[PDB]
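Visitor: Following this message is one structure expressed as structure tokens.
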Amino acid sequence: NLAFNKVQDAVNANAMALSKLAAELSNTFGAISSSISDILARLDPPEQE
Amino acid sequence: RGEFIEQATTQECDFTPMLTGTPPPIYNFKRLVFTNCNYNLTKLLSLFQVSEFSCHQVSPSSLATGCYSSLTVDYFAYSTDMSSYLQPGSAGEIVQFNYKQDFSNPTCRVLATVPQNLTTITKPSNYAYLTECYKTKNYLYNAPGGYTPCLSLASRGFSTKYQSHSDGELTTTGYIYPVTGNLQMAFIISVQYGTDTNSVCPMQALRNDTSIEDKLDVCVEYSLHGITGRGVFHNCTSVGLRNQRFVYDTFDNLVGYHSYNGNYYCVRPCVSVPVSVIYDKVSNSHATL
Amino acid sequence: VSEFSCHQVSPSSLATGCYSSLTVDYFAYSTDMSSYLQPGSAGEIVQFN
Amino acid sequence: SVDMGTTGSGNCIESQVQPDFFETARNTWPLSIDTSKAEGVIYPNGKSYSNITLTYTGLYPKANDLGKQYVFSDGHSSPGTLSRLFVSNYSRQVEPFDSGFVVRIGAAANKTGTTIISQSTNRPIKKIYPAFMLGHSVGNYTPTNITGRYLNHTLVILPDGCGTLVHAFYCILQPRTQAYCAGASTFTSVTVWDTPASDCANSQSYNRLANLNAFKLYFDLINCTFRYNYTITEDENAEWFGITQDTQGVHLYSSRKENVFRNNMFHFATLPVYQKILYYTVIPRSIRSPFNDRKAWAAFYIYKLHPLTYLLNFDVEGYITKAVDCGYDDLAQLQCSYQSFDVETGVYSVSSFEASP
Ligand SMILES: *[C@@H]1O[C@H](CO)[C@@H](O[C@@H]2O[C@H](CO)[C@@H](O[C@@H]3O[C@H](CO[C@H]4O[C@H](CO)[C@@H](O)[C@H](O)[C@@H]4O)[C@@H](O)[C@H](O[C@H]4O[C@H](CO)[C@@H](O)[C@H](O)[C@@H]4O)[C@@H]3O)[C@H](O)[C@H]2NC(C)=O)[C@H](O)[C@H]1NC(C)=O
Ligand SMILES: *[C@@H]1O[C@H](CO)[C@@H](O[C@@H]2O[C@H](CO)[C@@H](O[C@@H]3O[C@H](CO[C@H]4O[C@H](CO)[C@@H](O)[C@H](O)[C@@H]4O)[C@@H](O)[C@H](O)[C@@H]3O)[C@H](O)[C@H]2NC(C)=O)[C@H](O)[C@H]1NC(C)=O
Ligand SMILES: *[C@@H]1O[C@H](CO)[C@@H](O[C@@H]2O[C@H](CO)[C@@H](O[C@@H]3O[C@H](CO)[C@@H](O)[C@H](O)[C@@H]3O)[C@H](O)[C@H]2NC(C)=O)[C@H](O)[C@H]1NC(C)=O
Ligand SMILES: *[C@@H]1O[C@H](CO)[C@@H](O[C@@H]2O[C@H](CO)[C@@H](O)[C@H](O)[C@H]2NC(C)=O)[C@H](O)[C@H]1NC(C)=O
Ligand SMILES: *[C@@H]1O[C@H](CO)[C@@H](O[C@@H]2O[C@H](CO)[C@@H](O)[C@H](O)[C@H]2NC(C)=O)[C@H](O)[C@H]1NC(C)=O
Ligand SMILES: *[C@@H]1O[C@H](CO)[C@@H](O[C@@H]2O[C@H](CO)[C@@H](O)[C@H](O)[C@H]2NC(C)=O)[C@H](O)[C@H]1NC(C)=O
Ligand SMILES: *[C@@H]1O[C@H](CO)[C@@H](O[C@@H]2O[C@H](CO)[C@@H](O)[C@H](O)[C@H]2NC(C)=O)[C@H](O)[C@H]1NC(C)=O
Ligand SMILES: CCCCC/C=C/C/C=C/CCCCCCCC(=O)O
Ligand SMILES: CCCCC/C=C/C/C=C/CCCCCCCC(=O)O
Ligand SMILES: *[C@@H]1O[C@H](CO)[C@@H](O)[C@H](O)[C@H]1NC(C)=O
Ligand SMILES: *[C@@H]1O[C@H](CO)[C@@H](O)[C@H](O)[C@H]1NC(C)=O
Ligand SMILES: *[C@@H]1O[C@H](CO)[C@@H](O)[C@H](O)[C@H]1NC(C)=O
Ligand SMILES: *[C@@H]1O[C@H](CO)[C@@H](O)[C@H](O)[C@H]1NC(C)=O
């Protein structure tokens with residue numbers, strides 16, 4: 001049934017927004033790590049900043 | 001609001017092969033690999049007079065103050081005035097036929113002089129390097145981090161400049177010149193992170209163990225067998241392989257830890273409570289939820 | 001001069017422009033110890049001097 | 001150098017090389033790689049995962065690979081007398097190492113099977129471990145012009161102690177000139193042997209050096225760089241073994257490390273061998289069992305490793321229970337794209353056919 005499928009799609013759009021929000025914190029954007037703690041541990045100024 | 005520190009008692013890394021005897025020529029470089037050990041960095045640095053360093057994705061001070069899964073050192077006798085021939089993208093014979101630095105892991109290149117009285121390292125008669133290596137010309141170039149295919153042929157020794165050796169298929173040529181003054185060396189250092197259940201640590205970074213029993217459910221800094229971070233710990237039913245000691249999720253974030261006390265702890269990043277403010281402009285008063 | 005290394009400015013710009021203030025620290029130092037003054041050095045110069 | 005023990009003296013035992021009795025249509029027992037059981041999969045280093053599915057890039061066998069079969073045999077025997085050894089021609093075959101390999105050991109133990117030496121006799125099958133030589137350059141054995149000689153430093157891996165120990169050493173192999181030895185005119189193959197009447201008589205007096213003593217008759221060991229040994233619990237369970245090499249040395253893996261009733265292989269040693277390994281050869285074994293006590297030995301199977309992407313499923317306890325080889329077919333690619341073993345019915349676009357120059 002199309003209507004029930006639409007219900008599930010509304011729920012899934014809500015869930016996907018949050019999941020995409022959380023996943024972006026694992027993007028390095030070309031840095032050596034996506035974790036600030038690792039960056040502070042491995043490098044020194046000015047390369048750190 | 002606290003610290004959680006657990007470390008195993010380990011032996012000391014063995015640097016004696018590097019500190020005794022004669023360092024080899026560059027094409028026959030020696031490699032050392034260390035795991036699950038501690039070493040005295042301050043002592044090692046005081047044996048040498050560094051003339052230059054260049055690092056990639058790591059810094060020497062971080063190597064002095066943190067731990068890593070493994071530590072690899074390649075070393076050889078090398079004249080400091082040939083420094084530019086070891087740079088990345090160099091076009092000369094050093095990179096083609098003797099040593100090519102790999103950049104797949106964090107790495108640092110160090111040149112140094114051995115003081116005359118300080119150490120037990122002995123001088124070779126000559127510095128030496130290969131000028132060509134070819135199959136009969138079909139040149140054979142070094143892979144990054146690898147040895148020249150001509151290594152066996154070159155072990156016959158070189159007595160004069162531009163002396164050649166052949167075995168019928170391979171041919172190589174060598175260049176030699178005398179050592180003058182203090183001996184000079186090169187070191188190529190690389191490390192790895194998170195590939196072992198134990199670590200390699202400089203002695204200056206070691207600290208006394210502490211317990212987590214009175215620090216549950218609050219944000220603490222932790223150092224567990226060399227793996228460091230911030231997080232909140234909670235006692236949990238055991239999951240995963242205890243002998244692997246660390247449990248991770250699909251994003252390669254730490255989510256669990258098997259302690260040597262026998263318990264398993266769930267690990268979470270430090271959290272913050274939401275705050276909302278209710279403000280009425282007319283009365284200029286506020287409340288919080 | 002035997003070497004220079006600058007951060008977010010260049011010597012020619014210092015020669016041709018003005019600034020709010022100028023601070024100079026100076027000392028006797030052997031040029032063959034140059035690498036011990038580099039950022040991220042692990043030696044005694046950065047730790048204690 | 002390290003001490004390799006007492007130098008050998010005397011003569012080598014003759015071997016009869018007869019491949020037509022080993023690689024035969026009656027002795028073909030194919031076993032392929034079954035990814036649904038995650039056969040031949042090395043476990044990742046330094047971590048574990050619980051109750052999740054994920055993709056992982058590493059060194060893995062190809063799905064449904066048949067690999068290569070090897071079988072060992074008893075030597076010739078008559079009531080009261082022990083005679084020549086009986087082997088295939090594995091000692092003269094040289095294989096490319098490439099990215100390494102994995103080995104399935106003792107899969108047919110507990111089944112009745114042939115005693116290769118006698119095409120009619122049947123026995124219950126027993127597990128037997130392989131032995132290897134690995135090196136950087138190869139040549140001919142000098143007198144006979146028979147292939148398979150390893151020059152310069154050679155890595156040797158050699159089981160011993162009736163299955164309770166394995167040696168691992170890196171030394172130059174210097175041939176001896178005595179009868180049937182590697183430098184003689186009567187040499188046919190490098191065949192190591194043990195005598196179970198005097199070596200494996202009692203579980204409290206297993207001879208831990210018999211295979212090493214036999215190897216030393218073929219060669220004098222010179223300028224060895226290292227000598228290690230690892231203790232093994234004796235049983236009849238099927239096992240997996242693996243070997244790779246990278247910048248940090250040669251790595252060895254085994255399913256015995258954590259739980260021998262699961263088939264995941266775990267790292268257990270690293271060897272300081274830094275020059276690239278290019279060649280390996282199986283060292284044939286031949287058991288000098290007495291005529292009254294004759295046995296059949298389980299075949300073993302070697303599968304090559306490749307750099308591939310795999311989909312891995314972890315259970316709650318942390319073991320890998322099943323896997324998908326992403327590059328096997330289009331469905332496997334769809335499953336790897338969704339990071340799931342369960343996909344919905346549909347029509348999906350997947351990675352295009354690869355175009356390389
Ligand atoms: C499993 O693997 C280990 C490690 O390789 C083997 O252990 C070695 O075994 C050999 C014997 O085969 C030992 O060798 C003997 O060492 C005696 C003392 O050595 C001292 O110095 C060495 C070198 O620094 C140290 O490693 C050692 O701890 C001691 O401090 C020597 O006195 C012996 O010499 C005499 O016997 C030999 C016999 O061949 C004669 O040739 C000599 O002339 C002399 O008469 C001998 O060298 C060696 O020390 C052991 N190493 C360790 C670390 O324990 C195991 O044997 C092996 N187990 C197996 C295969 O079952
Ligand atoms: C890493 O390696 C370092 C170098 O080996 C280690 O440092 C050395 O550690 C030893 C042991 O603590 C020190 O030795 C002692 O030094 C004191 C002080 O000596 C000075 O004063 C006395 C008079 O009081 C004088 O006689 C000396 O000449 C000195 O002027 C002595 O009193 C002791 O008897 C003993 O010699 C070394 O001094 C010290 N070296 C340096 C350069 O600091 C370090 O401990 C290692 N780290 C680890 C964790 O192992
Ligand atoms: C050949 O036969 C022997 C004997 O039957 C096999 O060994 C036995 O195999 C069973 C089944 O895997 C093992 O059972 C398991 O034992 C563990 C012990 O902790 C238990 O936790 C499991 O639930 C299960 O009961 C048994 O222990 C094992 N015996 C020995 C001595 O290891 C052997 O596996 C057979 N080989 C082949 C190739 O089939
Ligand atoms: C080892 O033995 C096998 C079996 O005899 C050899 O393979 C055979 O080689 C002959 C001669 O070229 C071929 O005609 C057969 O077809 C081969 N048999 C099979 C099953 O492929 C093999 O060449 C030998 N290896 C050596 C001598 O190194
Ligand atoms: C090792 O021995 C093999 C034979 O086992 C040699 O191959 C022979 O090469 C000669 C000279 O080119 C040919 O005439 C023969 O026909 C070859 N024999 C076979 C059976 O193929 C080989 O040259 C030797 N290798 C080395 C490195 O000396
Ligand atoms: C590696 O093994 C080869 C083969 O045994 C050695 O080769 C001989 O070396 C001597 C001395 O240089 C030469 O006179 C011979 O002509 C070589 N034979 C061949 C077939 O090349 C070689 O020396 C060994 N290399 C090392 C580093 O020991
Ligand atoms: C095994 O190692 C020994 C010790 O290094 C080697 O003997 C040396 O050989 C060189 C080259 O012939 C000589 O210049 C030295 O004088 C020898 N030293 C000693 C202490 O004897 C020997 O060559 C090596 N054996 C091999 C490679 O087969
Ligand atoms: C001293 C060389 C002078 C050459 C003058 C003109 C050359 C024509 C083109 C040359 C290519 C550039 C090579 C630069 C060498 C850098 C040193 C090194 O890569 O190690
Ligand atoms: C000359 C040092 C040779 C040490 C060889 C191997 C060391 C093991 C690990 C060392 C950490 C790297 C220190 C690099 C020093 C750079 C100079 C500086 O920071 O000022
Ligand atoms: C750390 O432990 C050792 C051994 O018990 C002790 O000697 C030392 O004083 C401790 N250090 C601190 C700072 O408590
Ligand atoms: C943590 O949980 C385990 C298992 O539930 C329990 O046995 C253990 O005592 C707990 N630890 C503490 C300190 O209470
Ligand atoms: C494991 O994962 C499955 C699938 O999401 C889930 O239903 C199940 O509850 C999990 N099991 C445990 C023991 O956490
Ligand atoms: C091995 O080959 C050589 C030629 O290289 C030949 O003189 C010798 O007789 C051969 N040996 C045998 C046993 O065939």
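Residue numbers start at 1 in each chain; chains themselves are named A, B, ... in the order of the structure tokens; ligands are numbered from 1 in the order shown.
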Please produce, as CSV, a per-residue contact table for chain C versus chain A (criterion: any atom at most 10 Å away, only C-alpha atoms considered), showing the nearest atom pair and its distance in Å to one decimal, sorted by chain then residue number.
Guide:
```
residue,atom,partner,partner_atom,distance
C:7,CA,A:46,CA,8.5
C:39,CA,A:45,CA,7.0
C:40,CA,A:44,CA,5.6
C:41,CA,A:44,CA,9.4
```
Visitor: Can you write out the residues you just picked, keeping N, CA and C atoms, as an mmCIF file, in the first residue's frame?
Guide:
```cif
data_model
loop_
_atom_site.group_PDB
_atom_site.id
_atom_site.type_symbol
_atom_site.label_atom_id
_atom_site.label_comp_id
_atom_site.auth_asym_id
_atom_site.auth_seq_id
_atom_site.Cartn_x
_atom_site.Cartn_y
_atom_site.Cartn_z
ATOM 1 N N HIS C 7 56.619 33.620 9.479
ATOM 2 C CA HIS C 7 55.288 33.055 9.706
ATOM 3 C C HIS C 7 54.265 34.182 9.590
ATOM 4 N N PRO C 39 60.533 24.793 15.168
ATOM 5 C CA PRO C 39 59.315 24.370 15.870
ATOM 6 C C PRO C 39 59.198 22.850 15.884
ATOM 7 N N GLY C 40 58.746 22.325 17.018
ATOM 8 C CA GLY C 40 58.631 20.898 17.210
ATOM 9 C C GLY C 40 59.927 20.171 17.501
ATOM 10 N N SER C 41 61.040 20.882 17.672
ATOM 11 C CA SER C 41 62.289 20.241 18.070
ATOM 12 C C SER C 41 62.135 19.578 19.436
#
```
Visitor: At a cut-off of 9 Å, list the chain C residues touching chain B, using only C-alpha atoms, as a PDB file with N, CA and C atoms, in the first residue's frame.
Guide:
```
ATOM      1  N   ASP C  32      75.596  26.472  13.746  1.00  0.00           N
ATOM      2  CA  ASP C  32      75.505  25.029  13.532  1.00  0.00           C
ATOM      3  C   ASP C  32      74.488  24.334  14.447  1.00  0.00           C
ATOM      4  N   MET C  33      73.908  25.028  15.432  1.00  0.00           N
ATOM      5  CA  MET C  33      72.820  24.496  16.245  1.00  0.00           C
ATOM      6  C   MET C  33      71.441  24.943  15.747  1.00  0.00           C
ATOM      7  N   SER C  34      71.359  25.391  14.496  1.00  0.00           N
ATOM      8  CA  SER C  34      70.138  25.990  13.959  1.00  0.00           C
ATOM      9  C   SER C  34      68.916  25.080  14.107  1.00  0.00           C
ATOM     10  N   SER C  35      69.061  23.784  13.836  1.00  0.00           N
ATOM     11  CA  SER C  35      67.895  22.902  13.846  1.00  0.00           C
ATOM     12  C   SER C  35      67.242  22.822  15.224  1.00  0.00           C
ATOM     13  N   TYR C  36      68.006  23.015  16.299  1.00  0.00           N
ATOM     14  CA  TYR C  36      67.454  22.964  17.649  1.00  0.00           C
ATOM     15  C   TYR C  36      66.501  24.121  17.963  1.00  0.00           C
ATOM     16  N   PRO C  39      60.533  24.793  15.168  1.00  0.00           N
ATOM     17  CA  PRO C  39      59.315  24.370  15.870  1.00  0.00           C
ATOM     18  C   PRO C  39      59.198  22.850  15.884  1.00  0.00           C
ATOM     19  N   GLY C  40      58.746  22.325  17.018  1.00  0.00           N
ATOM     20  CA  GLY C  40      58.631  20.898  17.210  1.00  0.00           C
ATOM     21  C   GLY C  40      59.927  20.171  17.501  1.00  0.00           C
ATOM     22  N   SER C  41      61.040  20.882  17.672  1.00  0.00           N
ATOM     23  CA  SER C  41      62.289  20.241  18.070  1.00  0.00           C
ATOM     24  C   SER C  41      62.135  19.578  19.436  1.00  0.00           C
ATOM     25  N   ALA C  42      62.818  18.456  19.627  1.00  0.00           N
ATOM     26  CA  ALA C  42      62.712  17.712  20.876  1.00  0.00           C
ATOM     27  C   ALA C  42      63.862  17.958  21.851  1.00  0.00           C
ATOM     28  N   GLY C  43      64.824  18.807  21.519  1.00  0.00           N
ATOM     29  CA  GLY C  43      66.039  18.926  22.302  1.00  0.00           C
ATOM     30  C   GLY C  43      65.927  19.844  23.513  1.00  0.00           C
TER      31      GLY C  43
END
```
Visitor: Using only C-alpha atoms and all ligand atoms, determine which residues fall within 9 Å of ligand 4, then list them as a list in words.
Guide: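 The residues near ligand 4 are residues 17, 18, 19, 20, 22, 23, 24, 88, 89, 90, 91, 92, 93, 94, 146, 147 and 148 of chain D.
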Visitor: Please save N, CA, C and O atoms of the selected residues as a compact mmCIF listing (two decimals), in the first residue's frame.
Guide:
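Full text of part-v6.txt as output:
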```
# COMPACT_ATOMS: atom_id res chain seq x y z
N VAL D 17 61.39 -40.65 -5.62
CA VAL D 17 60.55 -39.56 -6.10
C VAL D 17 59.61 -40.12 -7.16
O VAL D 17 60.05 -40.58 -8.22
N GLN D 18 58.31 -40.07 -6.88
CA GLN D 18 57.30 -40.76 -7.67
C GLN D 18 56.02 -39.93 -7.69
O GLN D 18 55.02 -40.29 -7.06
N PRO D 19 56.00 -38.83 -8.44
CA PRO D 19 54.82 -37.96 -8.44
C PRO D 19 53.56 -38.62 -8.96
O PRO D 19 52.46 -38.21 -8.58
N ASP D 20 53.68 -39.63 -9.83
CA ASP D 20 52.49 -40.25 -10.41
C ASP D 20 51.63 -40.95 -9.37
O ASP D 20 50.45 -41.17 -9.61
N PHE D 22 51.14 -39.54 -6.35
CA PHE D 22 50.62 -38.50 -5.47
C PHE D 22 49.60 -37.62 -6.18
O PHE D 22 48.48 -37.46 -5.71
N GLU D 23 49.98 -37.03 -7.32
CA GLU D 23 49.05 -36.23 -8.12
C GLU D 23 48.36 -37.17 -9.11
O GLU D 23 48.76 -37.31 -10.27
N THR D 24 47.30 -37.82 -8.64
CA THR D 24 46.55 -38.79 -9.41
C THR D 24 45.06 -38.52 -9.27
O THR D 24 44.61 -37.91 -8.29
N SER D 88 56.62 -37.19 -3.30
CA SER D 88 56.34 -36.52 -4.57
C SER D 88 57.55 -35.66 -4.95
O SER D 88 58.62 -35.76 -4.34
N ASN D 89 57.42 -34.80 -5.96
CA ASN D 89 58.52 -33.92 -6.37
C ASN D 89 58.33 -32.47 -5.92
O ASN D 89 58.69 -31.53 -6.63
N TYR D 90 57.79 -32.26 -4.72
CA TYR D 90 57.58 -30.91 -4.21
C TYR D 90 58.89 -30.17 -3.98
O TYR D 90 58.94 -28.94 -4.13
N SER D 91 59.96 -30.88 -3.62
CA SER D 91 61.24 -30.27 -3.27
C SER D 91 61.88 -29.53 -4.44
O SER D 91 62.75 -28.68 -4.22
N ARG D 92 61.50 -29.82 -5.68
CA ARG D 92 62.08 -29.15 -6.83
C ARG D 92 61.15 -28.11 -7.45
O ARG D 92 61.50 -27.51 -8.47
N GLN D 93 59.99 -27.85 -6.85
CA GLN D 93 59.07 -26.83 -7.33
C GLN D 93 59.28 -25.52 -6.57
O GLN D 93 59.39 -25.51 -5.35
N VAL D 94 59.32 -24.41 -7.31
CA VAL D 94 59.51 -23.08 -6.72
C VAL D 94 58.31 -22.22 -7.09
O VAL D 94 58.03 -22.01 -8.27
N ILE D 146 69.37 -30.22 -10.47
CA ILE D 146 67.98 -30.30 -10.05
C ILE D 146 67.60 -28.95 -9.44
O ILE D 146 68.34 -28.41 -8.62
N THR D 147 66.45 -28.40 -9.85
CA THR D 147 66.02 -27.09 -9.40
C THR D 147 65.58 -27.12 -7.93
O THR D 147 65.39 -28.18 -7.33
N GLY D 148 65.44 -25.93 -7.35
CA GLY D 148 64.95 -25.76 -5.99
C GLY D 148 65.95 -25.35 -4.93
O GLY D 148 65.62 -25.40 -3.75
```
Visitor: Could you write out as an NGL selection string the residues of chain B within 12 Å of chain A, counting only C-alpha atoms?
Guide: :B and (55-68 or 105-107 or 191-194 or 221-222 or 226-231 or 250-254 or 269)
Visitor: Can you work out which one of D:275, D:137, D:99, D:118 has the shortest atom-to-atom distance to chain B, counting only C-alpha atoms?
Guide: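 Using only C-alpha atoms, chain B sits closest to D:275.
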Visitor: Check which residues fall inside 10 Å of ligand 11 when counting only C-alpha atoms and all ligand atoms, and print them as an MDAnalysis selection string.
Guide: chainID B and resid 212:214 216 234:238 261:265
Visitor: Just the residues within 9 Å of residue B:10, please, counting only C-alpha atoms, with nothing from its chain fewer than 5 positions along; format it as a PyMOL selection string.
Guide: chain B and resi 36-38
Visitor: Would you mind exporting N, CA, C and O atoms of the selected residues as a tab-separated table (two decimals), in the first residue's frame?
Guide:
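Output contents, as saved in selection26.tsv:
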```
chain	number	residue	atom	x	y	z
B	36	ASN	N	56.29	-3.13	21.91
B	36	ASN	CA	56.08	-3.56	23.30
B	36	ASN	C	57.34	-3.38	24.16
B	36	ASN	O	57.87	-4.33	24.74
B	37	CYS	N	57.84	-2.15	24.21
B	37	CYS	CA	59.05	-1.82	24.96
B	37	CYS	C	59.10	-0.32	25.24
B	37	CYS	O	58.40	0.46	24.60
B	38	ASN	N	59.93	0.06	26.20
B	38	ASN	CA	60.21	1.46	26.51
B	38	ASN	C	61.66	1.78	26.15
B	38	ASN	O	62.51	0.89	26.12
```
Visitor: I need the chain D residues near chain B as a PyMOL selection string; criterion: at most 9 Å, counting only C-alpha atoms.
Guide: chain D and resi 44-54+152+247-249+258+272+274-276+315-319
Visitor: Print the selection's residues with C-alpha atoms to a file, as a compact mmCIF listing (two decimals), in the first residue's frame.
Guide:
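File result_0.txt, as written:
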```txt
# COMPACT_ATOMS: atom_id res chain seq x y z
CA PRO D 44 42.55 -7.34 12.22
CA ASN D 45 45.42 -6.36 14.52
CA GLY D 46 45.10 -4.51 17.82
CA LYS D 47 41.30 -4.33 18.11
CA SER D 48 37.99 -6.17 17.96
CA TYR D 49 34.42 -5.37 16.96
CA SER D 50 31.17 -6.65 18.49
CA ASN D 51 27.89 -7.46 16.72
CA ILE D 52 28.39 -5.33 13.58
CA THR D 53 29.06 -5.61 9.85
CA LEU D 54 31.71 -3.60 8.00
CA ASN D 152 72.09 -16.52 0.56
CA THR D 247 58.10 -3.10 6.00
CA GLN D 248 58.08 -4.34 9.61
CA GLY D 249 59.08 -7.93 8.70
CA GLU D 258 42.72 -17.73 20.59
CA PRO D 272 63.14 -9.71 11.36
CA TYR D 274 63.44 -7.32 5.73
CA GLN D 275 64.67 -8.20 2.23
CA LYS D 276 61.68 -9.02 0.04
CA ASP D 315 29.18 -11.71 16.34
CA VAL D 316 28.69 -10.52 19.93
CA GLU D 317 31.75 -12.41 21.21
CA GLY D 318 33.87 -10.73 18.51
CA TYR D 319 34.55 -13.58 16.05
```
Visitor: Give me, as a PyMOL selection string, the residues of chain A that a backbone DSSP run labels helix (DSSP H, G or I).
Guide: chain A and resi 2-26+36-42
Visitor: Work out how far atom 8 (C, counted along the ligand's line) of ligand 12 is from atom CA of residue D:345, in Å to one decimal.
Guide: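 Computing it gives 23.3 Å between the two atoms.
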Visitor: With distances taken over only C-alpha atoms, which of D:321, D:115, D:245, D:188 is nearest to residue D:21?
Guide: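 The answer is D:115, which sits nearest to residue D:21.
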Visitor: Any residue with an atom at most 9 Å from ligand 13 counts, using only C-alpha atoms and all ligand atoms. Which are they? Put them as a ChimeraX atom specification.
Guide: /D:142-146,185-186
Visitor: What's around residue D:192 at 9 Å? Count only C-alpha atoms, leave out sequence neighbours fewer than 6 positions away in its own chain, and write the answer as a PDB file with C-alpha atoms, in the first residue's frame.
Guide:
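The resulting file, out-v2.pdb, is reproduced below:
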```
ATOM      1  CA  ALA D 210      64.361 -35.087  15.053  1.00  0.00           C
ATOM      2  CA  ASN D 211      63.225 -33.062  12.033  1.00  0.00           C
ATOM      3  CA  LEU D 212      65.981 -30.499  12.646  1.00  0.00           C
ATOM      4  CA  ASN D 213      68.545 -33.298  12.872  1.00  0.00           C
ATOM      5  CA  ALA D 214      67.309 -34.655   9.533  1.00  0.00           C
ATOM      6  CA  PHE D 215      67.520 -31.203   7.907  1.00  0.00           C
ATOM      7  CA  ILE D 283      59.701 -29.384   2.066  1.00  0.00           C
ATOM      8  CA  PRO D 284      58.255 -32.920   1.725  1.00  0.00           C
ATOM      9  CA  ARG D 285      57.980 -35.138   4.787  1.00  0.00           C
ATOM     10  CA  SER D 286      58.055 -38.939   4.859  1.00  0.00           C
ATOM     11  CA  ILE D 287      57.276 -40.830   8.058  1.00  0.00           C
TER      12      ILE D 287
END
```
